[PDB]
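According to the deposited numbering, the residues represented by the sequence shown are 26 to 196, 212 to 213, 239 to 260, 280 to 448, in order. Just so it is clear, CB atoms sit at the ideal spot from N, CA and C, and this is done for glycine as well. As structure tokens, the structure follows; a few thoughts come after it.
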Amino acid sequence: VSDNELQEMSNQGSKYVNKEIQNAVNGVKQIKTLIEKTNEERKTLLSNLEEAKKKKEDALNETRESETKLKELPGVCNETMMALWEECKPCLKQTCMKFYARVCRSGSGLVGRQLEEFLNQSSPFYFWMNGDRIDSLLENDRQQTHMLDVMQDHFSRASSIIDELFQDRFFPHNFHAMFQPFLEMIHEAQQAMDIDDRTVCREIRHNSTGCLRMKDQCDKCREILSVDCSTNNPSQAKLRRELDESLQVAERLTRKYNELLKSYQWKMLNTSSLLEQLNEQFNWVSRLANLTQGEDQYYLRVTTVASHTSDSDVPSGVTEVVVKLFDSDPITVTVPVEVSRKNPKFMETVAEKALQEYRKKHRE
Ligand SMILES: *[C@@H]1O[C@H](CO)[C@@H](O[C@@H]2O[C@H](CO)[C@@H](O)[C@H](O)[C@H]2NC(C)=O)[C@H](O)[C@H]1NC(C)=O
Ligand SMILES: *[C@@H]1O[C@H](CO)[C@@H](O)[C@H](O)[C@H]1NC(C)=O
Ligand SMILES: *[C@@H]1O[C@H](CO)[C@@H](O)[C@H](O)[C@H]1NC(C)=O
Ligand SMILES: *[C@@H]1O[C@H](CO)[C@@H](O)[C@H](O)[C@H]1NC(C)=O
Ligand SMILES: *[C@@H]1O[C@H](CO)[C@@H](O)[C@H](O)[C@H]1NC(C)=O
Ligand SMILES: *[C@@H]1O[C@H](CO)[C@@H](O)[C@H](O)[C@H]1NC(C)=O
Numbered sequence: 026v027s028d029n030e031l032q033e034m035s036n037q038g039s040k041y042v043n044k045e046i047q048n049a050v051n052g053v054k055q056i057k058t059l060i061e062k063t064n065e066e067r068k069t070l071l072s073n074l075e076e077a078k079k080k081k082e083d084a085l086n087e088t089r090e091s092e093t094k095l096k097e098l099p100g101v102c103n104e105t106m107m108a109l110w111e112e113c114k115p116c117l118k119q120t121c122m123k124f125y126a127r128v129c130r131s132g133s134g135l136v137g138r139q140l141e142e143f144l145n146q147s148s149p150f151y152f153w154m155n156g157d158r159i160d161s162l163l164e165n166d167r168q169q170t171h172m173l174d175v176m177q178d179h180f181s182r183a184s185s186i187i188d189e190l191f192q193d194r195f196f212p213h239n240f241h242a243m244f245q246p247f248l249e250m251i252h253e254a255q256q257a258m259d260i280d281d282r283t284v285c286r287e288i289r290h291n292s293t294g295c296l297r298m299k300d301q302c303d304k305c306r307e308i309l310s311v312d313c314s315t316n317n318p319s320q321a322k323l324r325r326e327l328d329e330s331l332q333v334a335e336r337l338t339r340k341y342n343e344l345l346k347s348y349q350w351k352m353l354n355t356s357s358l359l360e361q362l363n364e365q366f367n368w369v370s371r372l373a374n375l376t377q378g379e380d381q382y383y384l385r386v387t388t389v390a391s392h393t394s395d396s397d398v399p400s401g402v403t404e405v406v407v408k409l410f411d412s413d414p415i416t417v418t419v420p421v422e423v424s425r426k427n428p429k430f431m432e433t434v435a436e437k438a439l440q441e442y443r444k445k446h447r448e
């Protein structure tokens with residue numbers, strides 16, 4: 026390669042560095058809108074959760090009403106209920122202790138104590154009136170209300186931090242004066258946002293009440309559900325079915341709310357990833373702004389342009405171009421042989437690929 030050729034190639038390749046400055050600045054604005062867009066997608070998702078919560082809490086009132094209707098229906102349960110209950114508690118305890126020792130593998134004794142402690146402070150009427158499911162829903166409702174109050178407090182806080190950053194009309213040699246205010250705002254926003281058998285064993289750890297799924301295993305507990313109360317009225321089996329149904333509704337609406345929460349979590353994660361990009365982008369314009377101080381328009385210098393013809397170690401269809409960027413280590417870039425050196429795209433490729441290597445490597 027001619028020496029007069031290299032100096033003109035380098036002089037050409039340095040023009041593509043001046044462009045990368047404007048490109049990196051635009052990339053900030055490209056991220057800026059992506060964040061705002063993602064911020065609007067969750068404001069849409071928030072109003073859906075406002076509505077879904079209303080439908081859920083209305084489905085629970087109807088469940089609480091279907092419950093109390095069954096309670097107030099006159100009539101008494103046969104004393105046989107207490108006889109099963111004393112053979113249902115030891116069966117249920119032994120079952121959950123076995124399951125915990127088998128699958129979960131931990132101290133089955135502690136579980137058995139807590140469960141027996143709960144089974145003595147409970148009545149078989151609780152199981153008969155499906156109180157386990159009723160209380161299960163109420164617990165999930167709190168957590169979903171809490172989990173949203175948590176997400177809403179991190180997001181809307183960071184959202185306001187970002188709504189103070191994006192007010193700057195940005196969206212000189239003394240850029241380090243803008244550098245620190247912007248970069249710290251991104252950090253303050255970032256830290257605001259950061260948060280079968282395996283599952284059941286976790287629920288048994290959280291509360292011994294998780295064992296109540298295994299009531300189906302015990303026969304005596306299954307019998308308790310089929311005892312004649314309400315003096316054997318047809319309204320009983322009618323109200324019991326009406327309760328069963330009003331639960332299914334409240335259970336299904338609780339699921340559909342979780343999927344909207346899991347969606348709200350994706351929005352929160354997505355947005356924190358767009359901040360890491362905005363962070364690394366501002367550290368790239370900072371490095372560029374530093375490295376482009378002065379009246380010098382040299383930034384890229386082509387060292388050697390080799391091929392399979394010259395070096396031979398070079399692969400068959402690439403041309404390895406060694407370059408120095410911003411007065412740093414020599415960088416080797418593989419641009420295809422299909423590209424001719426006459427092509428302005430040749431140095432455009434060398435520059436772009438070289439800027440990537442310097443962006444990832446050079447410590448700053
Ligand atoms: C729940 O009640 C049962 C029955 O009263 C308790 O079982 C008794 O436990 C004591 C202490 O181990 C024994 O001396 C008795 O013989 C047991 N009686 C029967 C009928 O099993 C059980 O301990 C209670 N659960 C608690 C307190 O958590
Ligand atoms: C619950 O539903 C019943 C029947 O539809 C209604 O009379 C009652 O006002 C409701 N309560 C609430 C708090 O929504
Ligand atoms: C309880 O069972 C006994 C024996 O089967 C029966 O005579 C009685 O009518 C039952 N009472 C109720 C309320 O079901
Ligand atoms: C466990 O369940 C019982 C009954 O629903 C409840 O009183 C208690 O607060 C629960 N404990 C935890 C840690 O959720
Ligand atoms: C953003 O969320 C969508 C679903 O809403 C998901 O498919 C995608 O992987 C998420 N992206 C990131 C970076 O979390
Ligand atoms: C830019 O230069 C200043 C002054 O030397 C330095 O403190 C700062 O860390 C540099 N920024 C980058 C991104 O290298």
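Going by beta carbons, residue 92 and residue 154 fall inside the 8 Å limit.
When secondary structure is reduced to three states using DSSP, residue 409 falls in the strand class. The Cβ-Cβ distance between residue 363 and residue 251 falls below 8 Å. In this structure the stretch 176-193 does not touch the stretch 328-340; the number of beta carbon pairs closer than 8 Å is below three.
The nearest non-hydrogen atom of ligand 5 is 7 Å or more from the C-beta of residue 64. Residue 344 has its alpha-carbon roughly 13 Å from the corresponding atom of residue 80.
Proximity to residue 244 across 371, 165, 281 peaks at 371, based on C-alpha coordinates. When DSSP states are grouped into helix, strand and coil, residue 306 belongs to the helix group.
The C-beta distance from residue 435 to residue 384 rounds to 6 Å, short enough to fall under 8 Å. For residue 182, the three-state secondary structure derived from DSSP is helix. If you draw a straight line from the Cα of residue 138 to the Cα of residue 171, it comes to about 29 Å. Annotation note: the stretch 356-426 contains the following uninterrupted beta strand (DSSP E) runs of length 3 or greater, listed N- to C-terminal: 384-389, 402-409, 414-420.
Under the three-state reduction of DSSP output, residue 101 falls in the coil class, being neither helix nor strand. Those residues that have a beta carbon less than 5 Å away from any non-hydrogen atom of ligand 6 are, in order along the chain, 370, 371, 374, 448. Judged by pairs of C-beta atoms under 8 Å, the stretch 289-296 touches the stretch 130-147, as three or more such pairs exist. Counting only the Cα atoms, residue 325 lies some 27 Å from residue 146. The distance from the Cβ of residue 433 to that of residue 421 is about 12 Å, inconsistent with a contact at the 8 Å cut-off. In this structure, the C-beta of residue 160 approaches ligand 4 to less than 7 Å from one of its heavy atoms. For residue 67, the number of other beta carbons within 10 angstroms of its own is at least 16, and it is reported as buried.
For residue 179, the closest C-alpha among the options 149, 70, 101, 260 is that of 260. The residues 368, in chain order, have a CB closer than 7 Å to that of residue 443 in the same chain once the five nearest residues on each side in sequence are set aside. When the alpha-carbon of residue 365 is set against those of 27, 150, 56, the nearest one is in 56. Within its own chain, the residues whose Cβ lies closer than 8 Å to the Cβ of residue 54, once the five positions on either side in sequence are excluded, are 196, listed in chain order. Residue 315 sits in coil when the DSSP states are folded into three classes, being neither helix nor strand.
The closest CA to that of residue 47, considering only 394, 373, 150, 287, is found on 373.
Listed in chain order, the non-local C-beta contacts of residue 320 below 6 Å within the same chain comprise 314, local neighbours out to five positions each way being set aside.
A Cβ-Cβ distance of about 13 Å is found for the pair residue 353 and residue 60, leaving them out of contact under the 8 Å criterion. Per the CB criterion, closer than 7 Å to any heavy atom of ligand 5, the qualifying residues run in chain order as 347, 350, 351, 353, 354, 357. Taking residue 413 as reference, the option from 132, 419, 445 with the minimal CA-CA separation is 445. With a cutoff of 7 Å, residue 145 counts as near ligand 1, since its C-beta is closer than that to a heavy atom of the ligand. Three or more pairs of CB atoms, one per stretch, sit closer than 8 Å, so the stretch 84-100 contacts the stretch 152-169. Counting C-beta atoms within 10 angstroms of its own C-beta, residue 346 has fewer than 16 neighbours from the protein chains shown and is therefore classed as exposed. The DSSP-derived three-state label of residue 154 is coil. Remark: C-beta atoms of residue 88 and residue 330 approach each other more closely than 8 Å. Between residue 317 and the set 386, 101, 49, the nearest pair of CA atoms involves 101.
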